[PDB]
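Quick heads-up: it's one chain on its own, the form deposited in one PDB entry, in structure tokens.
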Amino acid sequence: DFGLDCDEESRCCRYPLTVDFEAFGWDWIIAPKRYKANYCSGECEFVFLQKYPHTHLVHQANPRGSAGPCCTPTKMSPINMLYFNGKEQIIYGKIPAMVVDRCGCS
């Protein structure tokens, strides 16, 4: 099966999202000031009616909790970034898993 790509489709999909560090106030990052990062959102499994209270109670116990499949990245990519470190030096560093390439259900 293929990963799905969306914009502004109800199944687990990859949506666009651009991170802007300069707008975030993080000027210690020289480059990239902006990059396509993206995210995963959407439906996974048919939800049995009997499962609803479980899903509902889990959310009330912890909104970050998961009691079933998760729509989440299945492929991610790094980015090479240029930034000031803590010793007044500038570093080119490969930061892993910065870009969402594909989404899928766990």
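Residue indices: 1-based, along the sequence shown. Here the rigid core means the biggest group of C-alpha atoms that line up within 1.5 Å when the two forms are laid on top of each other.
Missing deposited residues between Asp1 and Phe2: none, as the chain runs unbroken there. Between 52-60 and 33-41, it is 52-60 that carries the larger average Cα temperature factor according to the deposited entry. Set 42-50 against 77-85 and average the Cα temperature factors; 42-50 ends up higher. Going by the entry's values, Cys13 shows the largest Cα B-factor out of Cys13, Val19, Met98, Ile90.
In what follows, reference is made to the form deposited in another entry, a form of this protein that is not presented.
Among the residues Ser77, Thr55, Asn80, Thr72, the single one whose Cα moves by at least 2 Å between this form and the one not shown, once the core is superposed, is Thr55.
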